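> let's see this in three dimensions:
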Amino acid sequence: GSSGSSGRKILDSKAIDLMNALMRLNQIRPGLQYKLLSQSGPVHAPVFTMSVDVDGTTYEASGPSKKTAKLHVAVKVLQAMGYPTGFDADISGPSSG
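Residues are numbered from 1 along each chain as shown. Sharing the structure here:
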């Protein structure tokens, strides 16, 4: 439930101008929760698929590491609302979300 929580405080800026998004998502929507739908692939090239619920919209983004996974997810959320994330000119193809 909600009542009776420990509270995990983890923070690290190992990346470069990337975590920015992670902090943002929390800035606009404090008290968020990230979960790993599933992980596939090798041990050196694992795929950490994270997921988050924002504004009644569930976002899922996979990455090379859980750390990047959560970050990628946020970037999307913002992009959906129309907020600056730090990425462009990256056409996806003939298929869109």
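> just to be sure, residue 80 is in a helix?
Yes: assessed with DSSP: H, G, I helix; E, B strand; the rest coil, residue 80 lies in a helix.
> contacts only, for it.
Residues near residue 80 by CB atoms under 8 Å, 6 or more residues apart in numbering: 55, 57, 59. No exception for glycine: its C-beta is placed from N, CA and C like everyone else's.
> tell me where this protein has helices.
Here the chain has its helices, by DSSP state H, at 20-28, 66-81.
> what ranges do the strands span in the chain?
Counting by DSSP state E, the chain has strands at residues 35-40, 47-54, 57-63.
> so of the ones you listed, which one's packed in deepest?
Of the strands of the chain, the one with the most neighbours on average (mean count of other CB atoms under 10 Å) is strand 47-54, at a mean of 18.
> pull the residues that contact that strand.
With CB under 8 Å, 6+ apart as the test, strand 47-54 has contacts from 25, 29, 32-41, 58-66, 68-70, 72-74, 77.
> how about a cut-off of 7 Å?
29, 32, 34-41, 58-63, 65-66, 69-70, 73, 77 (CB atoms under 7 Å, 6 or more residues apart in numbering).
> how far away is residue 29 from residue 42?
34 Å (CB to CB, to the nearest Å).
> for residue 84, that is, sorry about that
35 Å.
> of the two, who's got more company?
residue 84 (11 against 7; other CB atoms under 10 Å).
> check contacts around the spatially closest residue to the more buried one that is not a sequence neighbour.
In this structure, residue 84 finds its nearest non-sequential neighbour in residue 78, 7.4 Å apart by CB to CB, 6 or more residues apart in numbering. Contact partners of residue 78, counting by CB under 7 Å, 6+ apart, are 21, 24, 85.
> distance of residue 78 relative to residue 42?
From residue 78 to residue 42 the distance is 31 Å (CB to CB).
> any chance of CSV for the strands of the chain, columns distance to residue 4?
Below are the strands of the chain laid out as CSV (distance: least, CB to CB, whole Å):
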stretch, distance to residue 4
strand 35-40, 19
strand 47-54, 21
strand 57-63, 25
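> all set, thanks.
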